[PDB]
């Protein structure tokens, strides 16, 4: 079964070069020309280019000529793309894809796992955490506000819990300052407001670090 | 040798027919676009025949 395995997620500063890999399993590079496609978060797919190793040729769309370079390495059965002169509109998910039959022409049959590329404006930088206050008063919902993301959406668990107890995968949208910020809501019957302590976890930015916050009115 | 009793065919009649079909408007453009991301594709010509 032909499949494509891509490289890990990358975060790069503007104006630099990013190089993404794609290794083919179950098939020869000469038997499977590789197409490079991308999509920005929320937007549709965008055809970038393609490489035909058996002809030793490559092509890119007009929007990517001069910035996109496609190369192949047959002994490691790998294809590399390299994008240069990065811009805020170049942070996206990048896919390498192929097809299993000549009838598809350009209907892409097999796809890579994808690679996330973040055109940054900073480096590893921690968040800020702030609780809520009594708002008005059936049940009651309280939250723990977070700010100033950067090193990719993050997860961290300490003193946390088991299944259910709500879901916490809130959006983490960006700001005009180039720094994301998400919210969170935990809801409970209002009576437990008078006796139960609300210690909420908060995402920390690098990967291995944490913030916890107790909410007391 | 009974070779004088054989018929007379046209060896490349089918191939010449495909050549003539290829001269129709848009046929070469169809092939060029089909062979953009790959070296090998199946193309349906204007006369309904699919050729590698």
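Quick notes
- Cα gyration tensor category, rounded, prolate or oblate, for the protein assembly as shown with a/c compared to 1.5: prolate
- Other protein chain Cβ atoms within 10 Å, averaged over every residue that makes up B:27-35: 1
- Exercise: per-residue mean of other protein chain Cβ atoms within 10 Å, B:37-47: 5
- Once the C-beta distance of residue A:109 and residue A:177 is scaled by a Förster radius of 45 Å, the resulting FRET efficiency is 0.60 to the nearest 0.05.
- Taking each DSSP H run with n ≥ 4 as -39500 (n - 2.57) and averaging over every residue of the protein assembly as shown yields -2000 deg cm²/dmol at 222 nm.
- Helix axis angle, B:13-22 relative to chain B longest principal axis, alpha carbon, degrees: 20 degrees
- Ratio Rg/Rh [Cα only; Rh per Kirkwood] for the range A:36-125: 0.98
Ideal geometry is used to build each Cβ from the backbone, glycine not excepted, and the neighbour counts take in all protein chains shown. Computed from the coordinates by the stated procedures, all read-outs in this text should not be read as laboratory data.
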